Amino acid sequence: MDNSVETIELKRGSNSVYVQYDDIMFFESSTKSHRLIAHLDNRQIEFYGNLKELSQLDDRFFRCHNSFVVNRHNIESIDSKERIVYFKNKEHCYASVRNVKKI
């Protein structure tokens, strides 16, 4: 366990990936049921979990949409007119009409 930097355990079977919080740009729901995808700097990791629980982990993790939890620390900008969140790695995700202002 990495104790000096906050980390999350993402489980894909008996295999665990420990990922540092700020490696993660955002989580999105998978097209595969009950799975999420962690979008990291240059990789994506699919695992079992739920968005509600991740948002309760830490203030930096905010439910910006029914299908997205964003890491506030890795937001570069927001196009609040179109409701798009841009991240430091050049990815983007969507914010909902109801949540976008609260980011």
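Heads up: residue numbers just count along the shown sequence, starting at 1. Each form is matched to the other, and the largest set of C-alpha atoms that superpose within 1.5 Å is called the rigid core.
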| query | After a rigid core fit, does 25 to 33 or 38 to 46 show more C-alpha displacement in 4 other deposited structures of this protein? | reply | 25 to 33
| remark: When mean C-alpha B-factors in the record are compared for 13 to 21 and 83 to 91, the larger belongs to 13 to 21
| Checking the entry, which one of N74, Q44, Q56, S29 has the top C-alpha B factor? | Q56
| request: Could you look up the Cα B-factor of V100 in the entry and say which third of the chain it sits in: lowest, middle or highest? | output: lowest
